[PDB]
file query.cif (mmCIF, C-alpha atoms)
data_entry
loop_
_atom_site.label_atom_id
_atom_site.label_comp_id
_atom_site.auth_asym_id
_atom_site.auth_seq_id
_atom_site.Cartn_x
_atom_site.Cartn_y
_atom_site.Cartn_z
CA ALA A 51 -35.12 17.03 14.59
CA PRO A 52 -32.68 19.91 15.20
CA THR A 53 -30.37 20.83 12.31
CA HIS A 54 -27.23 23.02 12.11
CA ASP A 55 -24.40 22.38 14.58
CA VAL A 56 -25.71 19.00 15.96
CA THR A 57 -23.76 16.45 13.88
CA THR A 58 -21.13 16.30 11.17
CA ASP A 59 -19.30 13.11 10.21
CA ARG A 60 -17.01 14.37 7.50
CA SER A 61 -14.70 11.39 7.17
CA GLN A 62 -14.68 10.43 10.84
CA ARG A 63 -15.62 7.03 12.20
CA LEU A 64 -18.01 6.57 15.08
CA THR A 65 -15.83 3.70 16.39
CA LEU A 66 -12.04 3.67 16.49
CA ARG A 67 -10.09 0.57 17.48
CA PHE A 68 -6.83 1.15 19.29
CA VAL A 69 -4.31 -1.67 19.24
CA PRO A 70 -1.65 -1.95 22.02
CA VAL A 71 1.66 -0.07 21.84
CA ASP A 72 3.27 -2.19 24.56
CA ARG A 73 2.38 -5.66 25.75
CA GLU A 74 3.65 -7.90 28.54
CA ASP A 75 2.83 -11.57 28.89
CA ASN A 76 3.78 -12.54 32.44
CA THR A 77 2.44 -15.72 34.06
CA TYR A 78 -0.16 -13.98 36.22
CA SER A 79 -0.65 -10.66 34.43
CA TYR A 80 -1.00 -9.32 30.94
CA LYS A 81 -0.28 -5.60 30.54
CA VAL A 82 -1.35 -3.57 27.55
CA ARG A 83 -0.70 0.09 26.97
CA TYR A 84 -2.58 2.09 24.35
CA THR A 85 -2.33 5.58 23.02
CA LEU A 86 -5.88 6.81 23.26
CA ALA A 87 -6.13 9.81 21.02
CA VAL A 88 -9.05 12.15 20.97
CA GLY A 89 -8.77 14.34 17.90
CA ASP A 90 -9.42 18.06 17.73
CA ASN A 91 -13.12 18.92 17.75
CA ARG A 92 -14.19 15.65 19.34
CA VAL A 93 -15.30 14.70 22.81
CA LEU A 94 -15.02 11.09 23.94
CA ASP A 95 -17.11 9.54 26.69
CA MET A 96 -15.19 6.92 28.66
CA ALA A 97 -18.39 5.08 29.49
CA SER A 98 -18.38 3.64 25.96
CA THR A 99 -14.88 2.19 26.25
CA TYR A 100 -14.52 -1.56 26.59
CA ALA B 51 26.13 24.95 -10.13
CA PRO B 52 24.34 27.50 -7.84
CA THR B 53 26.60 28.15 -4.86
CA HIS B 54 24.10 29.28 -2.18
CA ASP B 55 20.38 28.99 -1.28
CA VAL B 56 20.01 25.42 -2.80
CA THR B 57 21.50 23.20 -0.07
CA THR B 58 21.76 23.48 3.69
CA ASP B 59 25.09 23.32 5.51
CA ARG B 60 23.27 22.11 8.66
CA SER B 61 23.27 18.50 9.83
CA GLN B 62 20.25 17.00 8.12
CA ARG B 63 19.58 13.46 6.99
CA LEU B 64 18.61 12.67 3.44
CA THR B 65 16.96 9.42 4.55
CA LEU B 66 14.85 8.65 7.58
CA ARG B 67 13.37 5.41 8.77
CA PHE B 68 10.19 5.67 10.78
CA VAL B 69 9.67 2.63 12.98
CA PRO B 70 6.01 1.69 13.77
CA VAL B 71 4.37 3.37 16.76
CA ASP B 72 1.73 0.64 16.88
CA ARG B 73 1.28 -2.56 14.95
CA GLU B 74 -1.09 -5.48 15.29
CA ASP B 75 -1.18 -8.63 13.25
CA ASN B 76 -4.64 -9.99 12.52
CA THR B 77 -5.42 -13.35 10.93
CA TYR B 78 -5.07 -12.14 7.35
CA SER B 79 -4.24 -8.43 7.62
CA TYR B 80 -1.37 -6.54 9.18
CA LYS B 81 -1.98 -3.02 10.49
CA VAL B 82 0.97 -0.66 10.85
CA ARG B 83 0.78 2.93 12.10
CA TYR B 84 3.66 5.44 12.08
CA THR B 85 4.24 9.01 13.06
CA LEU B 86 5.68 10.64 9.98
CA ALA B 87 7.27 13.91 11.00
CA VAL B 88 8.57 16.62 8.75
CA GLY B 89 10.84 19.05 10.55
CA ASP B 90 10.87 22.80 10.12
CA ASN B 91 12.53 23.88 6.89
CA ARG B 92 12.34 20.36 5.48
CA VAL B 93 9.98 19.62 2.61
CA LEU B 94 9.02 16.01 1.98
CA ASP B 95 7.71 14.46 -1.22
CA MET B 96 5.47 11.42 -0.92
CA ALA B 97 6.85 10.07 -4.21
CA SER B 98 10.00 9.07 -2.35
CA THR B 99 8.27 7.29 0.55
CA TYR B 100 8.00 3.49 0.47
CA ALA C 596 -8.07 -25.22 33.34
CA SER C 597 -5.96 -22.55 31.71
CA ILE C 598 -6.50 -19.24 30.00
CA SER C 599 -4.36 -17.32 27.55
CA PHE C 600 -4.99 -14.09 25.67
CA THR C 601 -4.24 -13.28 22.09
CA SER C 602 -4.94 -9.65 21.28
CA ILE C 603 -6.74 -7.29 23.63
CA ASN C 604 -8.18 -4.29 21.78
CA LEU C 605 -9.72 -1.06 23.01
CA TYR C 606 -12.88 0.23 21.26
CA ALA C 607 -13.91 3.83 21.91
CA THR C 608 -17.24 5.17 20.58
CA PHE C 609 -17.24 8.88 19.70
CA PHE C 610 -20.43 10.87 19.07
CA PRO C 611 -20.10 12.67 15.68
CA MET C 612 -20.66 16.11 17.20
CA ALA C 613 -20.51 19.15 14.88
CA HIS C 614 -17.03 20.69 14.94
CA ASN C 615 -18.03 24.19 16.09
CA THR C 616 -20.26 22.70 18.81
CA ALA C 617 -17.46 20.38 19.80
CA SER C 618 -14.98 23.19 20.35
CA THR C 619 -17.51 25.37 22.12
CA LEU C 620 -17.76 22.54 24.62
CA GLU C 621 -13.94 22.26 24.76
CA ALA C 622 -13.67 25.87 25.91
CA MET C 623 -16.26 25.44 28.61
CA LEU C 624 -14.74 22.25 30.05
CA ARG C 625 -11.24 23.72 30.05
CA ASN C 626 -12.13 25.92 32.95
CA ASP C 627 -11.93 25.25 36.66
CA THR C 628 -15.54 26.20 37.42
CA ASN C 629 -16.56 23.45 35.02
CA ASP C 630 -14.28 20.72 36.33
CA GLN C 631 -15.94 17.30 36.43
CA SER C 632 -16.54 15.39 39.64
CA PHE C 633 -17.37 11.76 40.34
CA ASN C 634 -17.97 9.68 43.43
CA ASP C 635 -18.17 5.99 44.26
CA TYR C 636 -21.59 4.47 44.77
CA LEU C 637 -20.02 2.77 47.77
CA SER C 638 -17.73 5.34 49.27
CA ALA C 639 -15.93 3.42 51.94
CA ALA C 640 -12.83 2.27 53.73
CA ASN C 641 -12.79 -1.51 53.65
CA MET C 642 -11.09 -3.47 56.39
CA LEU C 643 -10.99 -7.19 57.00
CA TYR C 644 -10.38 -8.34 60.56
CA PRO C 645 -9.81 -12.00 61.39
CA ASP D 3 -45.28 6.07 29.17
CA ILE D 4 -42.47 7.48 26.90
CA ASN D 5 -41.49 5.56 23.74
CA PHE D 6 -39.57 6.17 20.43
CA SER D 7 -39.73 8.84 17.64
CA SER D 8 -40.79 11.39 20.35
CA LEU D 9 -37.38 12.40 21.87
CA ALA D 10 -37.54 16.01 20.60
CA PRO D 11 -35.12 18.81 21.72
CA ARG D 12 -36.31 21.38 19.03
CA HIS D 13 -33.41 23.79 19.92
CA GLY D 14 -29.96 23.76 18.23
CA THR D 15 -26.61 24.24 20.04
CA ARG D 16 -24.15 27.06 19.08
CA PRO D 17 -24.88 30.11 16.81
CA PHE D 18 -27.43 31.54 19.34
CA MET D 19 -24.49 32.00 21.77
CA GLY D 20 -23.11 35.21 20.25
CA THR D 21 -20.17 35.01 17.81
CA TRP D 22 -18.90 37.72 15.42
CA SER D 23 -16.40 37.46 12.58
CA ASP D 24 -12.80 38.63 11.92
CA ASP E 3 -6.75 10.45 -23.90
CA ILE E 4 -7.01 8.64 -20.58
CA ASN E 5 -6.47 11.41 -18.01
CA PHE E 6 -3.01 13.11 -18.01
CA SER E 7 -3.25 16.99 -18.39
CA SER E 8 -2.00 17.02 -14.73
CA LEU E 9 1.15 18.91 -15.81
CA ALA E 10 3.55 21.68 -14.61
CA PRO E 11 3.28 25.45 -14.73
CA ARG E 12 3.79 26.31 -18.46
CA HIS E 13 6.79 28.45 -17.71
CA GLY E 14 10.02 28.47 -19.65
CA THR E 15 13.54 28.13 -18.13
CA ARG E 16 15.01 31.26 -16.45
CA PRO E 17 17.55 33.44 -18.46
CA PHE E 18 21.31 33.26 -17.56
CA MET E 19 24.91 34.14 -18.57
CA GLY E 20 27.15 31.00 -18.54
CA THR E 21 24.27 28.45 -19.05
CA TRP E 22 23.09 27.97 -15.36
CA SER E 23 22.46 29.54 -11.85
CA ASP E 24 19.57 29.86 -9.26
CA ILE E 25 17.38 33.00 -8.76
CA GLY E 26 14.50 31.55 -6.62
CA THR E 27 11.40 33.81 -6.24
CA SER E 28 13.10 36.81 -8.07
CA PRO F 696 -46.28 -12.43 10.11
CA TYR F 697 -47.36 -9.80 7.59
CA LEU F 698 -50.42 -8.83 9.61
CA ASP F 699 -49.83 -10.29 13.08
CA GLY F 700 -46.26 -9.03 13.45
CA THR F 701 -45.07 -12.55 14.28
CA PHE F 702 -41.65 -12.24 12.61
CA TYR F 703 -39.14 -14.99 13.28
CA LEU F 704 -36.86 -14.96 10.27
CA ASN F 705 -34.70 -11.87 10.80
CA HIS F 706 -31.58 -13.84 11.66
CA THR F 707 -31.13 -14.90 8.03
CA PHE F 708 -29.93 -11.45 6.90
CA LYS F 709 -26.17 -11.09 6.61
CA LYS F 710 -25.81 -7.79 4.79
CA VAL F 711 -27.75 -4.88 3.46
CA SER F 712 -26.07 -2.18 1.41
CA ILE F 713 -27.71 1.09 0.52
CA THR F 714 -26.57 3.29 -2.34
CA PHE F 715 -28.18 6.29 -4.03
CA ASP F 716 -27.60 6.70 -7.77
CA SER F 717 -25.10 3.80 -7.59
CA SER F 718 -22.18 6.01 -6.56
CA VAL F 719 -23.19 7.33 -3.14
CA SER F 720 -23.17 4.87 -0.26
CA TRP F 721 -25.65 6.00 2.32
CA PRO F 722 -23.96 5.04 5.67
CA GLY F 723 -20.78 6.16 3.87
CA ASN F 724 -18.52 9.09 4.69
CA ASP F 725 -16.95 6.87 7.37
CA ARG F 726 -19.25 5.87 10.16
CA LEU F 727 -19.30 2.12 10.50
CA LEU F 728 -16.18 -0.06 10.85
CA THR F 729 -16.86 -1.24 7.31
CA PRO F 730 -18.37 2.02 6.04
CA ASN F 731 -20.24 1.28 2.86
CA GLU F 732 -22.21 -1.82 3.82
CA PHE F 733 -24.11 -2.81 6.93
CA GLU F 734 -23.32 -6.33 8.00
CA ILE F 735 -25.99 -7.95 10.15
CA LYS F 736 -23.64 -10.82 10.93
CA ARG F 737 -20.13 -11.85 10.01
CA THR F 738 -18.95 -15.45 9.90
CA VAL F 739 -15.19 -15.71 9.39
CA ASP F 740 -13.89 -12.81 11.44
CA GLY F 741 -10.35 -11.65 12.12
CA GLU F 742 -10.69 -8.01 13.08
CA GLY F 743 -12.79 -8.89 16.12
CA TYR F 744 -15.79 -7.14 14.57
CA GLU G 299 8.18 -57.66 -12.87
CA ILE G 300 5.41 -55.51 -14.31
CA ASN G 301 6.47 -52.43 -12.30
CA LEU G 302 9.61 -52.39 -14.41
CA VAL G 303 7.23 -50.95 -16.98
CA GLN G 304 6.35 -47.52 -15.75
CA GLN G 305 6.39 -44.14 -17.36
CA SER G 306 7.13 -40.83 -15.91
CA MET G 307 6.57 -37.28 -16.97
CA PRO G 308 7.80 -34.14 -15.17
CA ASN G 309 5.30 -32.15 -13.11
CA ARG G 310 3.78 -28.97 -14.62
CA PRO G 311 6.01 -25.85 -14.26
CA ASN G 312 4.50 -23.57 -11.61
CA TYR G 313 6.11 -20.18 -10.91
CA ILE G 314 5.11 -18.31 -7.78
CA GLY G 315 6.18 -14.79 -6.79
CA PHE G 316 4.78 -11.35 -5.88
CA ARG G 317 2.54 -9.54 -8.42
CA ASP G 318 3.46 -6.89 -11.03
CA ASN G 319 3.89 -3.79 -8.84
CA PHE G 320 2.97 -5.60 -5.63
CA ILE G 321 -0.66 -5.69 -6.67
CA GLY G 322 -3.02 -6.66 -3.86
CA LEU G 323 -0.38 -6.34 -1.14
CA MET G 324 -2.18 -3.32 0.28
CA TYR G 325 -5.83 -2.60 0.72
CA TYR G 326 -6.96 0.10 -1.65
CA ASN G 327 -10.59 0.82 -2.34
CA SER G 328 -11.76 -1.15 0.63
CA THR G 329 -14.09 -0.88 3.59
CA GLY G 330 -12.60 -0.99 7.07
CA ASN G 331 -9.10 -1.30 5.72
CA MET G 332 -8.79 2.28 4.48
CA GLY G 333 -5.45 4.00 4.81
CA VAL G 334 -4.84 7.09 6.90
CA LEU G 335 -2.94 10.23 6.37
CA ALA G 336 -4.00 12.85 8.82
CA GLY G 337 -2.67 15.56 11.10
CA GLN G 338 -1.34 14.43 14.47
CA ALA G 339 -3.45 16.89 16.44
CA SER G 340 -6.37 17.19 14.02
CA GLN G 341 -6.72 13.39 13.73
CA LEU G 342 -9.24 13.80 10.90
CA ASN G 343 -8.41 11.53 7.98
CA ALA G 344 -7.42 13.23 4.72
CA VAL G 345 -7.77 10.03 2.69
CA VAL G 346 -11.11 8.79 1.40
CA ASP G 347 -11.05 5.57 -0.60
CA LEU G 348 -14.13 4.69 -2.61
#
call {"tool": "encode", "arguments": {"input": "query.cif", "output": "structure tokens"}}
result
Amino acid sequence: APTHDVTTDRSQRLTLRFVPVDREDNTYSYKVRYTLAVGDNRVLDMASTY
Amino acid sequence: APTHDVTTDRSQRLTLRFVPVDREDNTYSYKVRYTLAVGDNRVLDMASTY
Amino acid sequence: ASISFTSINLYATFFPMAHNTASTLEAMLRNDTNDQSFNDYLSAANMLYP
Amino acid sequence: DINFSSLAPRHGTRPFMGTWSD
Amino acid sequence: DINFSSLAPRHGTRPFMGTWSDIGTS
Amino acid sequence: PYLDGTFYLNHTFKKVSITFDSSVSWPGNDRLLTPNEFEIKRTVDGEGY
Amino acid sequence: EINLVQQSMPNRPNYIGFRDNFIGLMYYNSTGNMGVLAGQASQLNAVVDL
């Protein structure tokens, strides 16, 4: 396995939950807004969002 | 009392109330996030937060 | 038949990339010769005629 | 065909790409 | 004891004429 | 199942926790949603885990 | 006529109220319920609870 500069997890979770910051509960639609934050020195793939 | 360089004459609050930026109630937990901001030339002590 | 939602969360899974490596890749992908591009698998104009 | 414990890159990532200190 | 040596700089109070003032970083 | 690999009783696990020297938690340093213990399965949920 | 004869005793005193310094009203020393204090840009947690 490679070592140096391939992985560090110094107090950073692999999974972050993000709870809504606005919500709407209309009869035919439910809207939810989030603040999706990607910290410094992190890259997020949007193919792992659900 | 010292007459200068111990108190600002600028408009500054001595108390600030940070409303949640996100909250979600679970079934037995309550999660509350804030953005705690400290302005320039203001020093905050975490003793006095509650 | 009815449906109602209580709580919709967003879960985002971040790779724990090394910090130096992470911000090397930030520099590269903040350039306009390295701008990402996507396409639909079905690239089409869709028209329904009666 | 391919299977697990054999997915080897060998090579690192960053300090080969020249950097020099302040 | 149970842990408490988490104390101040071991200064003394600054010298003055007329009991008090402020000198800051001087 | 020892020799034939005919396992069938893996669904009975509900946690495993790994520590080294009884003061280091191996998947610790924040990784999992609950960092210091793996949980194979959770009954009575509330975080949507 | 025989339910004239009955006896009574007060119920046990039971006092209910929040703990000594609000003990157990926040998760400390917990998994998946850790607090956060972090930068806003950095996003890396500066609290580790064991």
call {"tool": "resolve_selection", "arguments": {"input": "query.cif", "expression": "the PyMOL selection byres ((chain C and resi 611) around 9)", "output": "list in words"}}
result
residues 56, 57, 58, 59, 60, 62, 63, 64, 92 and 93 of chain A; 609, 610, 612, 613 and 614 of chain C; 726 of chain F
call {"tool": "atom_distance", "arguments": {"input": "query.cif", "atom1": "CA of residue 622 in chain C", "atom2": "CA of residue 87 in chain A"}}
result
18.4 Å
call {"tool": "calpha_fit_and_write", "arguments": {"input": "query.cif", "fixed": "chain B", "moving": "chain A", "output": "mmCIF file with C-alpha atoms, keeping the file's coordinate frame"}}
result
data_model
loop_
_atom_site.group_PDB
_atom_site.id
_atom_site.type_symbol
_atom_site.label_atom_id
_atom_site.label_comp_id
_atom_site.auth_asym_id
_atom_site.auth_seq_id
_atom_site.Cartn_x
_atom_site.Cartn_y
_atom_site.Cartn_z
ATOM 1 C CA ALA A 51 26.323 25.017 -10.361
ATOM 2 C CA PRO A 52 24.195 27.539 -8.430
ATOM 3 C CA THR A 53 25.396 28.461 -4.931
ATOM 4 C CA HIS A 54 23.707 30.298 -2.021
ATOM 5 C CA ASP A 55 20.270 29.122 -0.871
ATOM 6 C CA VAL A 56 20.200 25.795 -2.864
ATOM 7 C CA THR A 57 21.358 23.248 -0.256
ATOM 8 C CA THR A 58 22.392 23.059 3.375
ATOM 9 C CA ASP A 59 22.738 19.788 5.280
ATOM 10 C CA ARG A 60 23.749 21.032 8.687
ATOM 11 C CA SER A 61 23.288 17.857 10.696
ATOM 12 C CA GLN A 62 20.264 16.565 8.804
ATOM 13 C CA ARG A 63 20.030 13.179 7.138
ATOM 14 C CA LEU A 64 18.814 12.722 3.598
ATOM 15 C CA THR A 65 16.998 9.519 4.668
ATOM 16 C CA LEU A 66 15.031 9.059 7.877
ATOM 17 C CA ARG A 67 13.634 5.683 8.900
ATOM 18 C CA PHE A 68 10.383 5.727 10.815
ATOM 19 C CA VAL A 69 9.555 2.662 12.870
ATOM 20 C CA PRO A 70 5.888 1.832 13.734
ATOM 21 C CA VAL A 71 4.140 3.341 16.765
ATOM 22 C CA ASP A 72 1.297 0.813 16.666
ATOM 23 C CA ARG A 73 1.193 -2.632 15.127
ATOM 24 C CA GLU A 74 -1.525 -5.248 14.694
ATOM 25 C CA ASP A 75 -0.917 -8.821 13.631
ATOM 26 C CA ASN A 76 -4.299 -10.216 12.599
ATOM 27 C CA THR A 77 -4.587 -13.364 10.469
ATOM 28 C CA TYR A 78 -5.381 -11.554 7.221
ATOM 29 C CA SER A 79 -4.055 -8.048 7.871
ATOM 30 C CA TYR A 80 -1.074 -6.360 9.406
ATOM 31 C CA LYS A 81 -1.596 -2.722 10.411
ATOM 32 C CA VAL A 82 1.222 -0.317 11.107
ATOM 33 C CA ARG A 83 0.897 3.286 12.139
ATOM 34 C CA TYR A 84 3.805 5.717 11.949
ATOM 35 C CA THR A 85 4.345 9.265 13.010
ATOM 36 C CA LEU A 86 5.738 10.854 9.895
ATOM 37 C CA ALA A 87 7.374 14.058 10.963
ATOM 38 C CA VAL A 88 8.551 16.703 8.591
ATOM 39 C CA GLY A 89 10.743 19.123 10.497
ATOM 40 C CA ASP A 90 10.706 22.892 10.206
ATOM 41 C CA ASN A 91 12.413 24.152 7.055
ATOM 42 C CA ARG A 92 12.028 20.887 5.168
ATOM 43 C CA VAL A 93 9.737 19.749 2.406
ATOM 44 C CA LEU A 94 9.121 16.041 1.896
ATOM 45 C CA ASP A 95 8.016 14.484 -1.373
ATOM 46 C CA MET A 96 5.729 11.496 -0.849
ATOM 47 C CA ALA A 97 6.861 9.954 -4.114
ATOM 48 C CA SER A 98 10.076 8.855 -2.384
ATOM 49 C CA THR A 99 8.284 7.005 0.409
ATOM 50 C CA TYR A 100 8.324 3.223 0.362
#
call {"tool": "interface_residues", "arguments": {"input": "query.cif", "of": "chain D", "to": "chain A", "cutoff": "10 Å", "atoms": "all atoms listed in the file", "output": "PyMOL selection string"}}
result
chain D and resi 7-17
call {"tool": "closest_residue", "arguments": {"input": "query.cif", "among": "G:323, G:307, G:348, G:342", "to": "chain B", "atoms": "only C-alpha atoms"}}
result
G:323
call {"tool": "atom_distance", "arguments": {"input": "query.cif", "atom1": "CA of residue 744 in chain F", "atom2": "CA of residue 712 in chain F"}}
result
17.4 Å
